[PDB]
Amino acid sequence: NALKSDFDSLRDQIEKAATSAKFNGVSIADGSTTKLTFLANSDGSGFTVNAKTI
Amino acid sequence: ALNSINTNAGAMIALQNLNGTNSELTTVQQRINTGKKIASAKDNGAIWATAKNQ
(Lines give C-alpha, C1' and ligand atoms only; values in the text may rest on other atoms or scores of the structure.)
Protein backbone atom coordinates (compact mmCIF):
# COMPACT_ATOMS: atom_id res chain seq x y z
CA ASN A 1 0.00 0.00 0.00
CA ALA A 2 2.84 2.42 0.77
CA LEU A 3 4.48 1.75 -2.60
CA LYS A 4 1.11 2.12 -4.33
CA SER A 5 0.58 5.51 -2.67
CA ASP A 6 4.06 6.64 -3.73
CA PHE A 7 3.27 5.60 -7.31
CA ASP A 8 -0.02 7.51 -7.26
CA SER A 9 1.68 10.62 -5.88
CA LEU A 10 4.33 10.58 -8.60
CA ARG A 11 1.73 10.11 -11.35
CA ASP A 12 -0.27 13.10 -10.12
CA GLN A 13 2.98 15.09 -10.06
CA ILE A 14 3.56 14.17 -13.71
CA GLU A 15 0.10 15.38 -14.70
CA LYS A 16 0.52 18.68 -12.83
CA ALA A 17 3.90 19.31 -14.45
CA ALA A 18 2.70 18.48 -17.96
CA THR A 19 -0.47 20.57 -17.88
CA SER A 20 1.29 23.81 -16.84
CA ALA A 21 3.86 24.11 -19.66
CA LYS A 22 2.06 26.93 -21.45
CA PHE A 23 3.53 30.15 -22.80
CA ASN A 24 1.12 32.81 -24.10
CA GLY A 25 -1.70 30.28 -23.77
CA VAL A 26 -0.30 27.82 -26.33
CA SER A 27 1.75 24.70 -25.67
CA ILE A 28 3.53 21.88 -27.46
CA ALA A 29 3.41 19.47 -24.51
CA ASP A 30 -0.24 19.27 -23.41
CA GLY A 31 -1.67 17.78 -26.59
CA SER A 32 -4.12 20.62 -27.24
CA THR A 33 -2.86 21.27 -30.79
CA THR A 34 -1.02 19.22 -33.39
CA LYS A 35 1.69 21.68 -34.51
CA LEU A 36 2.83 25.29 -34.22
CA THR A 37 4.05 27.33 -37.19
CA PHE A 38 6.16 30.47 -36.82
CA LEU A 39 7.32 33.00 -39.39
CA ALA A 40 10.48 32.03 -41.25
CA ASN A 41 10.64 34.28 -44.32
CA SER A 42 9.50 37.76 -45.33
CA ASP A 43 7.15 36.24 -47.93
CA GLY A 44 5.00 34.37 -45.39
CA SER A 45 6.84 31.04 -45.35
CA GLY A 46 6.61 29.02 -42.17
CA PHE A 47 8.83 27.17 -39.71
CA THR A 48 6.91 24.13 -38.47
CA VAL A 49 7.33 22.58 -35.02
CA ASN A 50 5.36 19.39 -34.43
CA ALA A 51 3.67 18.86 -31.08
CA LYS A 52 5.29 16.30 -28.76
CA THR A 53 2.69 15.35 -26.15
CA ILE A 54 4.38 14.40 -22.88
CA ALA B 1 11.38 82.12 -58.47
CA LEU B 2 15.00 81.40 -57.41
CA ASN B 3 15.22 84.95 -55.99
CA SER B 4 12.02 85.25 -53.94
CA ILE B 5 12.22 87.31 -50.76
CA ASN B 6 9.01 85.98 -49.18
CA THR B 7 9.61 82.22 -49.08
CA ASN B 8 12.19 79.48 -49.53
CA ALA B 9 11.58 75.74 -49.59
CA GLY B 10 15.13 74.85 -48.58
CA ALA B 11 14.53 75.94 -44.99
CA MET B 12 11.23 74.05 -44.88
CA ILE B 13 12.77 70.79 -46.08
CA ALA B 14 15.77 71.17 -43.78
CA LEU B 15 13.34 71.64 -40.88
CA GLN B 16 11.39 68.53 -41.85
CA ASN B 17 14.52 66.38 -41.98
CA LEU B 18 15.72 67.77 -38.64
CA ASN B 19 12.37 66.91 -37.04
CA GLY B 20 12.57 63.36 -38.39
CA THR B 21 16.02 62.95 -36.89
CA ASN B 22 14.77 64.30 -33.56
CA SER B 23 11.92 61.77 -33.51
CA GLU B 24 14.30 58.87 -34.16
CA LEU B 25 16.57 60.18 -31.39
CA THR B 26 13.60 60.24 -29.01
CA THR B 27 12.79 56.61 -29.79
CA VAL B 28 16.38 55.47 -29.23
CA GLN B 29 16.66 57.42 -25.98
CA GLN B 30 13.46 55.82 -24.70
CA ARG B 31 14.89 52.39 -25.51
CA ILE B 32 18.07 53.22 -23.58
CA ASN B 33 16.18 54.62 -20.57
CA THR B 34 13.76 51.75 -20.08
CA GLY B 35 16.10 49.03 -21.35
CA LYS B 36 13.49 47.36 -23.55
CA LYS B 37 11.94 47.71 -26.99
CA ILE B 38 8.26 47.28 -26.09
CA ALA B 39 7.91 49.45 -22.98
CA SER B 40 4.50 51.07 -23.48
CA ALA B 41 1.32 50.29 -25.40
CA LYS B 42 2.33 52.60 -28.25
CA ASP B 43 5.38 50.54 -29.23
CA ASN B 44 3.43 47.35 -29.96
CA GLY B 45 -0.04 46.67 -28.62
CA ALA B 46 -0.09 42.91 -29.15
CA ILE B 47 3.32 42.12 -27.66
CA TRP B 48 2.82 44.53 -24.75
CA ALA B 49 -0.52 42.97 -23.84
CA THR B 50 0.93 39.46 -24.13
CA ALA B 51 3.87 40.32 -21.86
CA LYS B 52 1.65 41.98 -19.24
CA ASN B 53 -0.69 39.01 -19.01
CA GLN B 54 2.21 36.55 -18.95
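Rules of the game
Residues numbered from 1 in each chain as written, not as in the entry; some residues may be left out. Chains lettered and ligands numbered in written order. Part of a larger assembly, values for the part shown. Heavy atoms only, no water. Helix = DSSP H or I, 4+ residues; strand = E, 2+ residues; numbered from the N terminus. Rg over C-alpha atoms; globule rule 2.2 N^0.38 Å. Buried < 20%, exposed > 50% of the residue type's maximum accessible area, 1.4 Å probe, protein only. Contact = heavy atoms within 4.5 Å. Areas by Shrake-Rupley, 256 points an atom, 1.4 Å probe, with all protein chains shown as cover. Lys, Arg positive; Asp, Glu negative; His and termini not counted. Charge placed at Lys NZ, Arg CZ, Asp CG, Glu CD. Salt bridge = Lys/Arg side-chain N within 4 Å of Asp/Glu carboxyl O.

Header annotation of the entry names cryo-EM as the structure determination method and lists the resolution as 3.2 Å.

Enquirer: Any chance you could explain the overall build of chain A here in plain terms?
Expert: The number of helices and strands found in chain A is one helix and two strands. Walking chain A from its N terminus toward its C terminus, one meets helices and strands in the order α-β-β. Against the 2.2 N^0.38 benchmark of 10 Å for 54 residues, chain A shows a C-alpha radius of gyration of 17 Å, more extended than a compact globule. Each of the three principal axes of chain A carries a C-alpha extent, and together these read 60 × 15 × 15 Å. Burial status across chain A gives 7% buried among its 54 residues. Partitioning the contacts of chain A with sequence separation of at least 6, the portion at a separation of at least 24 is 13%. Here chain A has roughly 4700 Å² of accessible surface; of this, 56% comes from carbon and sulfur atoms. Of the charged side chains in chain A, 6 are positive and 6 negative; the average position of the first set lies 3 Å away from that of the second.

Enquirer: Mind showing me how you'd approach the pattern of salt bridges here?
Expert: Residue and element names in this part refer to chain A. Summed over all chains, the structure comprises two salt bridges over all chains. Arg-11 is the partner of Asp-8 in a salt bridge, and the nearest nitrogen-oxygen pair spans 3.1 Å. Placement of the pair is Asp-8 and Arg-11 together in helix α1 (residues 2-19), with a separation of three residues, close to one helical turn. For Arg-11, a relative accessible area of 44% puts it in the partly exposed group. For the salt bridge of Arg-11 with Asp-12, the shortest nitrogen-to-oxygen distance reads 3.4 Å. You can call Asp-12 partly exposed: its relative accessible area is 35%. In the salt-bridge network here, residues are joined through shared partners; they are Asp-8, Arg-11 and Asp-12.

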